[PDB]
Amino acid sequence: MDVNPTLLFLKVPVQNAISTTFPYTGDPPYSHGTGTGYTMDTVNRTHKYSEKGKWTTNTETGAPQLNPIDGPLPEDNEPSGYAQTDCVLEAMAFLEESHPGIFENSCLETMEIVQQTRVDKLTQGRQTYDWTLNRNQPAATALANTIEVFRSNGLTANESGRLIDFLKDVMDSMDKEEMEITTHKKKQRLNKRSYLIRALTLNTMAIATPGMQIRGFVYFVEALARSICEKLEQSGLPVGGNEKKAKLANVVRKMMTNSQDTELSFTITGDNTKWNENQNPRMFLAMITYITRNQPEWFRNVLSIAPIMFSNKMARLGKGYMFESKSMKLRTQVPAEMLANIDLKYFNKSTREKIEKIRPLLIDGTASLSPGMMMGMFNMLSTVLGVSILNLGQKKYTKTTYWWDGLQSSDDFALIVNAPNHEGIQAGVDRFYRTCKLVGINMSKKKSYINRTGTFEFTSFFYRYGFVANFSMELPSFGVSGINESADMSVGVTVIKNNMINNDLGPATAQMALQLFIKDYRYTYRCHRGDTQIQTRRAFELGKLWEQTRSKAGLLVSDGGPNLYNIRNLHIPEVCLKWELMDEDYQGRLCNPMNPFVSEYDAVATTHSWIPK
Amino acid sequence: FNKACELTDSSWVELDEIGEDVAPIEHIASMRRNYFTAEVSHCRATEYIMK
Amino acid sequence: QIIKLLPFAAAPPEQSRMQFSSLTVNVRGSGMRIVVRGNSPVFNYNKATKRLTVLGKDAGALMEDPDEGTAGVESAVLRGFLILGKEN
Amino acid sequence: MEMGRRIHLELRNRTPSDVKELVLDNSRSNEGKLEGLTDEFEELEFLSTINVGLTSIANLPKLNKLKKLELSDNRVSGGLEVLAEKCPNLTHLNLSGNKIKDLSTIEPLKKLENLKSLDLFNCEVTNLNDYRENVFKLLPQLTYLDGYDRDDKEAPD
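Looking at the entry header, you'll see cryo-EM listed as the method and 3.25 Å as the resolution.

Under the annotation held in the PDB entry, chain B carries the name Polymerase acidic protein and is attributed to Influenza A virus.

Written as structure tokens, this is what we have:
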């Protein structure tokens, strides 16, 4: 009598109606999760999980460092960052044994790209921290400023245009005692410690964005990790949709069908939330050194620079804080540079406690965070570690009646464990839990569940009895990209086609997307169909065209003609789709090369393609 | 929510045209889309959307 | 009017009070509208040439039958009402 | 004022058999029960009780000529079989602002086959989803709900 959509599941199995539980399917308008207190809590938790790790004082940045590796083994189920180097190396060795040569081929096939990439490759990317201006900036302008400053400071080897040359230039600049920054004329002298702390910065508006001196090394290490993952089957990256869908079915078939009827199989789905706390750059450096065994030393240095630099990473602290006095109706803002020495009476209990915890780390308005990682820079290496842990589960390594396998993608994991009895299943799951704890892999027991094999999910790819329900992508914008008629039409139709091909977009939904596309395009460009009664200035001349043409379907949609696109015919260019139907006189007028208007996407060079003023 | 799920008496959303359907899958897609649209085009939710 | 409005009567009618000023026909998803009175894009009639155009595609030619009122009144536009031509 | 005095005033020193419309507005009733009205009223055709403080219509006499009954802005709740049998010739009814829980209590009104219009407003029943269509199903004889028909058209007199 009163609506209750959840009750739909009372007859429909949940896996079918999973889209019911995705409230947004878009980008919300609030942007909750960025600021300063979040950084405070992140640093505090990172250093808390390493509570018993050894403390030391850095010699270059002059900031404390925490090393939890090889620390005491955890005694409780709470998260532990005590990852043992020997266990990690043994796991990597076992992975190599099961997949001989993998690291060798990865290294030798990546050396070329290490020696081939150009400087401009760094231009592509997300926002970057500009040490020159001390604020997040576009990658291209940051690169221009960096080359300008280095040229001023007499470091012009990067002029060769090779990425490795620029990395050597960065090394030389970092070795220099001090440098000059000229802003427009204001000159700033950054000493060795100042420049070093700036270069190891992690700005926070991939939540964290490193500086520019660390881009190339991160790129190289991620390239090696991707190359290693490619040969790995359990790795969930960098495959697309269809292959990811097939991975789940293949794993289930391998684990279940081969097993005897007597044997019992179970599957656990688990989420590794807050996955960067317990993984340290030092363990990554260890695995990197292991990977490049018996390899040229220059390549080893280039590849190991990244985790070495990250282990001394400095984390910036938001923009600051905002205080308000209701009594006097006043508002003020304080920066993070003054948060080191300031009263704690303004803040509340939790905020003042966090400030108390993080006070002894703020160096020059930038906390020091050696342990733990930051989101979205070394994801592939984490996937490599996960697949190694999984590979350690074969029947030969386990040396037990039970066994297990599964998939890991560094954000979600699924594990199928089978054994002759229920006690066998319990033993298998417990042993996997402990083994993954030893390496520092943390399984959240409050967001994981176990059930008989057949039904589970992984990276939102919900799986039920051989059926996958990929929901890992959001719907893009079906609007006017704002270049020109033909350009916008082509890019948008290609966008919808591509989303149909891979992102698993239903046909009917694609049809409504095309409908809304046509609506928005006509509204924006004021090119409405001649038959429609809508009125505008452009409709006058447009109307004339509708009368002149002998074939309505020949006219381009931008010219007021009908939209003949559909699921079957989406890849064809709009101009080419109406080539024959277009009247000969219209064809000649439209594509006249001598037009005065003209002095990626697939489109024809018609007169409708102009550059906006 | 109850009143947001009731059936209104106006055409709140107007959508433009597309090409013809030749493939049987295109026929299925058009059938599904048309059925759903005829169902929801008179719902208050569309009124809220347009407002 | 007879040719324009005849096909809509096929269904098993039911009593109603609405006075439809236009009826909707679904073409290619988008729903076109045909007006009960006057010309519509779906149904156009040119009396100067006496030609019927349906969505721009010719449908034939109309010849007036041995019944007609050429002095105003038109009783098949408004339900329950008789239109008496020009306004006063 | 009270019920009986109001009825006497409306009667206008006339017998309780020649009244075709009775207006009892802003009156009061003791114990929230109808008082005063008796069987003598047999010509009444348009009744109206607003803000009368009646808990339920449990003492309504047999006004067989009662056609336009109004119980608005009141707190009437309970069984409606009394209205079904005592006045089986109701045509226009108004319960706007009343206290009614759900359709299980409005079901008895289906007995009156002459109810051409039933009005509800600011009630609990109207909160239910598809209230209009569900009530129409429960009362097929009804033709104009809340002054509107099954196709949302205003109901001229």
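1. A look at the overall build of chain B
Check the secondary structure of chain B and you find two helices and zero strands. Taking 10 Å as the expected radius of gyration for a compact globule of 51 residues, we find that chain B reaches 13 Å, considerably beyond that expectation. For the C-alpha atoms alone, the extent of chain B along its principal axes is close to 40 × 20 × 15 Å. The buried share of chain B, reckoned over its 51 residues, is 33%. Put simply, 82% of the contacts in chain B that link residues at least 6 apart link residues at least 24 apart. Counting every atom, chain B has about 3,400 Å² of accessible surface; 62% of that belongs to carbon and sulfur.

2. Description of the sheet that holds strand β5 (residues 57-60) of chain C
Residue and element names in this part refer to chain C. Sheet architecture is open: three strands sit in the order β3-β4-β5, paired in antiparallel fashion. Looking at the sheet topology across the chains shown, the edges are occupied by β3 (43-46) and β5. Mean inter-strand twist for the sheet, computed between neighbouring axes without regard to direction, equals 35 degrees. Bridge count for β3 against strand β4 (residues 51-54) is four bridges, and the pairing is antiparallel.

3. What to know about the sheet that holds strand β2 (residues 47-50) of chain D
Ordered by their spatial adjacency, six strands build an open sheet running β1-β2-β3-β4-β5-β6 (chain D), and the pairing between neighbours is parallel. At either end of the open sheet lies a strand with only one pairing partner, and these are β1 (22-25) and β6 (144-145) of chain D.

4. A closer look at the packing of aromatic side chains
Aromatic rings considered in pairs are described by the distance between their centres and by the relative angle of their planes. All names here are of chain A. With the rule as written, the count across this model stands at 20 aromatic pairs over all chains. The interplanar angle of 50 degrees and the centroid separation of 5.9 Å between the aromatic rings of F22 and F471 together place this pair among those described as tilted. The partly exposed category is assigned to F22, whose relative accessible area is 31%. Taken together, the ring pairs in this structure connect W131, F150, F166 and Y195 into an aromatic cluster. Sitting above the plane of the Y397 ring, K396 keeps its charged end 4.7 Å from the centroid. The ring of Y465 carries the charged tip of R464 above its face, separated from the ring centre by 5.1 Å.

5. Comments concerning the interface of chain B and chain A
One widely used convention gives an interface's size as the accessible area the parts lose upon coming together. Each partner contributes to the interface: chain B provides 18 residues, whereas chain A provides 22 residues. Interface area, chain B with chain A, both sides summed: about 1,800 Å², of which 56% is carbon and sulfur. When residues of chain B are sorted by the area they lose upon contact with chain A, B:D16, B:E17 and B:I18 head the list and together hold 31% of the total. In this assembly, chain B and chain A are joined by five salt bridges. A salt bridge links B:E17 to A:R529, with the nearest nitrogen and oxygen atoms 3.5 Å apart. Counting the contacts that link chain B with chain A gives 14 residue pairs in polar contact. Among the residues making up the side of chain B that touches chain A, the classes are represented as seven nonpolar, three polar and eight charged.

6. Concerning the packing of helix α16 (residues 507-525) of chain A against helix α1 (residues 24-40) of chain B
Working note: a packed helix pair is described by the angle between its axes plus the distance between those axes. It is the contact of α16(A) with α1(B), at a shortest axis distance of 8 Å, that shows an interaxial angle of 70 degrees. With respect to each other, α16(A) and α1(B) are oriented roughly perpendicular. α16(A) and α1(B) meet at a crossing whose hand is right-handed. Contacts between α16(A) and α1(B) involve A:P507, A:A508, A:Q511, A:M512 and A:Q515 from the former and B:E26, B:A29, B:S30, B:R32, B:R33 and B:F36 from the latter. Grouping the amino acids of the contact of α16(A) with α1(B) by side-chain chemistry returns five nonpolar, three polar and three charged.

7. A short note on the pairing of strand β12 (residues 330-335) of chain A
Residues and elements named next belong to chain A. Direction of pairing for strand β11 (residues 320-325) relative to β12: antiparallel, over a ladder of six bridges. Across the sheet, residue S325 finds its bridge partner in β12, namely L330. In this antiparallel pair of consecutive strands, β11 and β12, the connection spans four residues, and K329 shows a positive phi of 55 degrees.

8. Regarding helix α3 (residues 102-116) of chain A
All names here are of chain A. The terminal C-alpha atoms of α3, which comprises 15 residues, lie 22 Å apart, in line with the 21 Å expected from a rise of 1.5 Å per residue. The largest bend along α3 measures about 30 degrees and falls at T110. Three or more residues of α3 are buried, namely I102, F103, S106, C107, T110 and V114. Contact partners of the buried residues in α3: α2 (85-98), α5 (163-175), α7 (215-231), α9 (281-291) and α10 (297-310).

9. Quick word on the packing of α3(A) against α10(A)
Residues and elements named next belong to chain A. One way to put it is that α3 packs onto α10 with a least axis distance of 11 Å and a crossing angle of 80 degrees. Taken together, the axis directions place α3 and α10 in an arrangement best described as roughly perpendicular. Counting all contacts with α3, which are made through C107, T110, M111 and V114, the residues of α10 involved are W298, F299 and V302. A per-class count over the contact of α3 with α10 returns six nonpolar, one polar and no charged.

10. Observations concerning the interface of chain D and chain B
The interface of chain D with chain B comprises eight residues on the first partner and five residues on the second. Where chain D meets chain B, there are zero salt bridges. At the junction of chain D with chain B, the criterion picks out four residue pairs in polar contact. Partitioning the side of chain D that touches chain B into residue classes produces two nonpolar, three polar and three charged.

11. Quick notes on the pairing of β5(C)
All names here are of chain C. Where β4 meets β5, three bridges bridge the pair, whose relative direction is antiparallel. What sits directly across from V54, in β5, is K57. The turn linking β4 back onto β5 is made up of two residues, and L55 within it adopts a positive phi angle of 60 degrees.

12. Examining the pattern of salt bridges
As a working rule, side chains carrying opposite charge can pair if their charged atoms are close by. Under the definition given, this model contains 24 salt bridges over all chains. Across the salt bridge formed by C:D58 and C:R51, the nearest N and O atoms sit 3.5 Å from each other. Taken together, the salt bridges that share partners define one network made up of A:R522, A:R529, A:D531, B:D16 and B:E17.

13. Thoughts on a negative patch on the surface
The grouping of C:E64, C:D65, C:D67 and C:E68 at the surface amounts to a negative patch. Inspection of the secondary structure puts C:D65 in the segment after β5.

14. Considering a nonpolar patch on the surface
All names here are of chain A. Judged by side-chain polarity, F597, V598 and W610 come together as a nonpolar surface patch covering roughly 290 Å² of accessible area. Looking at where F597 falls in the secondary structure, it is placed in the segment after α19 (584-590). Judged by relative accessible area, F597 falls into the exposed class, the value being 55%.

15. Comments concerning unusual backbone geometry
In this structure, the amide linkage connecting A:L237 to the following residue, A:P238, adopts the cis form with an omega of -5 degrees. Turning to its location among the elements, A:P238 is positioned in the loop between α7 and α8 (242-256). The backbone of A:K329 sits at a positive phi, close to 55 degrees, despite the residue not being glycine. Looking at the secondary structure, you find A:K329 in the loop between β11 and β12. Here A:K329 falls in the exposed class, since its relative accessible area comes to 71%. Even without being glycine, C:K50 reaches a positive phi, approximately 60 degrees. Mapping C:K50 onto the fold places it in the loop between β3 and β4. Judged by its relative accessible area of 33%, C:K50 falls in the partly exposed class.

16. Overview of the side chain of A:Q234
Residue and element names in this part refer to chain A. Along the chain, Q234 falls in the loop between α7 and α8. Only 2.9 Å separates the side chain of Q234 from the side chain of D405, close enough to count as a polar contact. Apart from residues no more than four positions distant in its own chain, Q234 is found in contact with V387, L390, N391, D405, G406, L407 and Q408.

Criteria and thresholds
- Residues numbered from 1 in each chain as written, not as in the entry; some residues may be left out.
- Chains lettered and ligands numbered in written order.
- Part of a larger assembly, values for the part shown.
- Heavy atoms only, no water.
- Helix = DSSP H or I, 4+ residues; strand = E, 2+ residues; numbered from the N terminus.
- Rg over C-alpha atoms; globule rule 2.2 N^0.38 Å.
- Buried < 20%, exposed > 50% of the residue type's maximum accessible area, 1.4 Å probe, protein only.
- Contact = heavy atoms within 4.5 Å.
- Areas by Shrake-Rupley, 256 points an atom, 1.4 Å probe, with all protein chains shown as cover.
- Pairing = 2+ DSSP bridges.
- Axes fitted to C-alpha atoms, helices over the stretch in contact; angles between N-to-C directions.
- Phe/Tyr/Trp six-rings, centres within 6.5 Å; stacked < 30°, edge-to-face > 60°.
- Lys NZ or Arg CZ within 6 Å of the ring centre and 35° of its normal.
- Buried area = accessible area lost by both parts, 1.4 Å probe.
- Salt bridge = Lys/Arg side-chain N within 4 Å of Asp/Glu carboxyl O.
- Polar contact = N/O pair within 3.5 Å; in protein donor to acceptor, adjacent residues only side chain to side chain.
- Nonpolar A, V, L, I, M, F, W, Y, C, P; charged D, E, K, R; others polar.
- Parallel < 35°, antiparallel > 145°, perpendicular 65-115°, else oblique.
- Left-handed = near helix turned anticlockwise from the far one by under 90°.
- Expected span 1.5 Å × (residues − 1).
- Bend = angle between axes of the 7 residues up to and from the residue.
- Patch = residues over 30% accessible without salt bridge, like charges linked within 9 Å, V, L, I, M, F, W, Y side chains within 5 Å.
- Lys, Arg positive; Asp, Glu negative; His and termini not counted.
- Charge placed at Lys NZ, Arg CZ, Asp CG, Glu CD.

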